[PDB]
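# Coordinate analysis (summary)
Here's the letter readout for the chains.
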Amino acid sequence: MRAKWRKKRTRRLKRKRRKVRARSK
Amino acid sequence: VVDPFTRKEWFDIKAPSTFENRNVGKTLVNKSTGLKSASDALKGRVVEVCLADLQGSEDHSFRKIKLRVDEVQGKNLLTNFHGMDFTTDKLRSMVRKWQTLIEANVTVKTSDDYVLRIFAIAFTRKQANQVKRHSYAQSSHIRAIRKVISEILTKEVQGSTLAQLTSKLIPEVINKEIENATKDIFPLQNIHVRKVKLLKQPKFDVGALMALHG
Amino acid sequence: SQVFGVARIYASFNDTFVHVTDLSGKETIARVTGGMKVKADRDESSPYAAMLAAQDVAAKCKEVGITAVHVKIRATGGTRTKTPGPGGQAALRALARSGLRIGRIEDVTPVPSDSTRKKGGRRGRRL
Amino acid sequence: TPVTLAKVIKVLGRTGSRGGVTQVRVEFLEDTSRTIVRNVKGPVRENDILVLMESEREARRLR
Amino acid sequence: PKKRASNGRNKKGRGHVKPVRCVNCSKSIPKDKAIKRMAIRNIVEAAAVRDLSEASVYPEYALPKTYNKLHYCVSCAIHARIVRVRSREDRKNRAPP
RNA sequence: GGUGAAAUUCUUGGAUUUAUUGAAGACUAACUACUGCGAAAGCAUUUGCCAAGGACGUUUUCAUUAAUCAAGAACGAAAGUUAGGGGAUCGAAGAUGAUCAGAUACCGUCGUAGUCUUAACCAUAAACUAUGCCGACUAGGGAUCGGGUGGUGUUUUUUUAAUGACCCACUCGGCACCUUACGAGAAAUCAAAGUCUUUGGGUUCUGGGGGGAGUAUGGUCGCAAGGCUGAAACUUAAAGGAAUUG
RNA sequence: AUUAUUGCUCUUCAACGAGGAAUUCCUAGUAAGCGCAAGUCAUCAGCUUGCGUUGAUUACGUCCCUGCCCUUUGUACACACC
Ligand SMILES: [Mg+2]
Ligand SMILES: [Mg+2]
Ligand SMILES: [Mg+2]
Ligand SMILES: [Mg+2]
Ligand SMILES: [Mg+2]
Ligand SMILES: [Mg+2]
Ligand SMILES: [Mg+2]
Ligand SMILES: [Mg+2]
Ligand SMILES: [Mg+2]
Ligand SMILES: [Mg+2]
Ligand SMILES: [Mg+2]
Ligand SMILES: [Mg+2]
Ligand SMILES: [Mg+2]
Ligand SMILES: [Mg+2]
Ligand SMILES: [Mg+2]
Ligand SMILES: [Mg+2]
Ligand SMILES: [Mg+2]
Ligand SMILES: [Mg+2]
Ligand SMILES: [Mg+2]
Ligand SMILES: [Zn+2]
């Protein structure tokens, strides 16, 4: 996939793990 | 079941003084009925005729003129100065590559107190033995020419109204005084007052207006 | 010699405007466009139409009072194509060849000291 | 009807997308010393005589 | 790899020029990289000039052409106008005709 | 009106076209170039002010004061964020007319944020010459931008000059092109990418097969979005570059 | 020999009044018209392969349509755009 959109893929992907981790702080 | 033509009042346009043909053209109004008359309604229109279409000669192909209608009298309406334009084609021709353009302007008053803004354009010429294919001034050159142009333009106005200013613009006296003071600085070709607009007329004064007529 | 008025032929694509008015402009005299004298949208600017409309416009122009007329041909302008449309030349041709005089004509296509962002976005109208 | 006679003086070539059309310069006989190029419909060689139905008007290219 | 030394088009010692809008599709494109033609042409045309002077006043008149500079976007330049495509070498030739 | 063609749309409210005026915000057309300047981002209307700069000129001054740089700092396109203002235009989102088997799009319409500006953030771009800086050396050519020097050069007339613009030779320092190639390179190409197994002028920084991955983690910066720093397990025989013929 | 091999005679006497959008073939002893021999074949040519007979109109050009070649140019394809 376009590198630009793979970067976006994982931008989001991190935002969710950033989110799910917070539930547990 | 109308056709406003089988109704429209008709009219011819007369020009001011310091040119050639005072007769100019025709127009349509509406019959001066009680409530909404042909008179006070419009008249105040304006007309654009090339002055070569109004001076006869062709050493004036460009240079357009705005005439505004101020007064009316029995199928005869005069007109006065309202501006001066250039033709689109002439400029587009004057403005060629490989050379520097120069423009400058000023707002200023006249005797009979019409205020106006006159324009001025000039391009750098190669001079007849040059080798380099372009010819550019030196910015420091450009700033000089403008200031002098401006010095000259302000002087030429507030002579006896647009009246004398019109009488001044027609034979392009301005053009060559520019040409004069300038050649101490840089070459230059074309050089014209290009434009001039009106923005602050005084008061009607039915007297003074009537001085161009006879 | 004649009686004079203004022609002003706006010629964009998809339509061509012809309408003569008083040399002051304030007062019209007969119009009609290219979209009038044929019906197909697609052909709304074609030279064949603007002819037939330059024909119907010449007619009235002389059937009212104007014996002659100067022209001011014009394109879309502004932040648009700025180039002459198709049925401008056909219009001019049709109104001189009609039975009307011609005198000193210039271009009046609005040209900006550029700006107001063009339409269709940075990547262009793409198809 | 003003008939107008012209003698083909040179064969220039084939215009028309199709190409059935030949470009030709002619010399009209009744008072020479002038020339005009015409477009033909049929096969043509040098020294042929074309009846220009209207003397003064000529074309160039064809599509 | 690389394909031109002028890269895209004409820009050495500057770093930023400023975009124009394509006359055909309106695509932005740096002015130096543009591709341009003065669209100098007559107001009338081929045939009209006779029928022009014929039904006009004045002697032969004067005749004043139109002048407008054209800005194309490469693709638009390539799709119709000046372009073709040249050999590896003919590319190098900057001469117009 | 708009299109390849259409439709959504606007039209007794005289639309679209015309004319005269006015207001709002944005922008700087043409002149504009293998042309200028800036550390880089970047910078094209005028005029006044404010300080700044390179190059040149120099038989002025000081005299090793310099080169390059972990840390640290200044600035930093666009978007994006906070708080005002502004909000013309174009216009992420959204809603539509069509197209399509589908059509969350391309094309058309409506148009929110935005686009502009102030105060503060953010610090990233293929931020590109994909090419560190200082110094020396190595090879031809015609242009050009700035500075200077030389001339019983041209053109400007007045009374010769003085000027200014122009012409020719030279010389510094700019932006580039040309041809060559002693030389270099895997080549494409390169006056540097040259002066390297005949391997050393000074200095900074980064890379060490591919994926995993700019991921996990910790630290840190941020309002946020995210920036900086930044692994391993595992997987894998190629991935990659330039040129050739198809 | 019926589902009628072919041939003859009488009778029966259809559609078809030059053919929409489309589309084939052709430049001289050619097109078209005309019949013959040969192949097949016990018997059956509305087919074919050749043959001679009568014998034109119109081009002797072009790139518009369609088809294919050739350069140039892109390619991450080379089992090569299936
Ligand atoms: Mg919880
Ligand atoms: Mg395309
Ligand atoms: Mg490539
Ligand atoms: Mg940049
Ligand atoms: Mg400007
Ligand atoms: Mg520390
Ligand atoms: Mg650092
Ligand atoms: Mg807005
Ligand atoms: Mg949508
Ligand atoms: Mg839909
Ligand atoms: Mg969507
Ligand atoms: Mg980076
Ligand atoms: Mg680049
Ligand atoms: Mg050199
Ligand atoms: Mg294997
Ligand atoms: Mg390759
Ligand atoms: Mg047989
Ligand atoms: Mg058979
Ligand atoms: Mg290849
Ligand atoms: Zn384009």
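Conventions used here
- Residues numbered from 1 in each chain as written, not as in the entry; some residues may be left out.
- Chains lettered and ligands numbered in written order.
- Part of a larger assembly, values for the part shown.
- Heavy atoms only, no water.
- Residues with missing side-chain atoms left out of burial classes, pairs and counts.
- Helix = DSSP H or I, 4+ residues; strand = E, 2+ residues; numbered from the N terminus.
- Buried < 20%, exposed > 50% of the residue type's maximum accessible area, 1.4 Å probe, protein only.
- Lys, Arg positive; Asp, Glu negative; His and termini not counted.
- Salt bridge = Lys/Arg side-chain N within 4 Å of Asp/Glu carboxyl O.
- Polar contact = N/O pair within 3.5 Å; in protein donor to acceptor, adjacent residues only side chain to side chain.
- Contact = heavy atoms within 4.5 Å.
- Buried area = accessible area lost by both parts, 1.4 Å probe.
- Pairing = 2+ DSSP bridges.
- Axes fitted to C-alpha atoms, helices over the stretch in contact; angles between N-to-C directions.

In the PDB header, X-ray crystallography is given as the technique by which the entry was determined, and 3.0000 Å as its resolution.

### Observations concerning the side chain of E:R21
Take E:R21: it is sitting in strand β1 (residues 19–21). Buried charge E:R21 goes without a salt bridge, the closest partner of opposite sign being C:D114 at 9.0 Å. Engagement of the side chain of E:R21 in a polar contact is seen with the backbone oxygen of E:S26, the distance being 2.8 Å. Among all residues touching E:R21, those that are not within four sequence positions of it are C:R117, C:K118, C:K119, C:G121, C:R122, E:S26, E:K27, E:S28 and E:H71.

### A look at the interface of chain E and chain C
With 24 residues of chain E at the contact, the number on the chain C side is 25 residues. Roughly 2100 Å² is buried in total at the junction of chain E and chain C, and carbon and sulfur atoms are behind 50% of that figure. When the buried surface of chain E facing chain C is broken down by residue, E:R21, E:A55 and E:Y58 rank first, second and third, together holding 23% of it. Taken together, the connections running from chain E to chain C amount to two salt bridges. For the salt bridge of C:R97 with E:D51, the shortest nitrogen-to-oxygen distance reads 3.3 Å. For the pair chain E and chain C, the number of links is nine residue pairs in polar contact. For the side of chain E that touches chain C, the element with the most residues is helix α1 (residues 48–54) of chain E, which contributes three residues.

### Concerning the environment of B:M94
Residue and element names in this part refer to chain B. With respect to the helices and strands, the residue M94 is situated in helix α2 (residues 88–94). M94 sits in the buried class, given a relative accessible area of 3%. A C-alpha to C-alpha distance of 41 Å links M94 and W10, two positions 84 residues apart in sequence. The contacts of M94, once residues within four sequence positions are left out, are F86, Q99, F123, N190 and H192.

### Side note on the sheet that holds strand β1 (residues 4–15) of chain D
Residue and element names in this part refer to chain D. Taken together, the four strands give an open sheet; going across it, the order is β3-β2-β1-β4, and neighbouring strands pair in antiparallel fashion. Since the sheet does not close on itself, it has two edges, and those belong to β3 (36–40) and β4 (49–52), each with one partner. Geometrically, the sheet is characterised by an average inter-axis angle of 50° between neighbouring strands, direction not taken into account. Note: strand β2 (residues 21–28) against β3, five bridges, orientation antiparallel. Paired with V24 across the two strands is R38, which belongs to β3.

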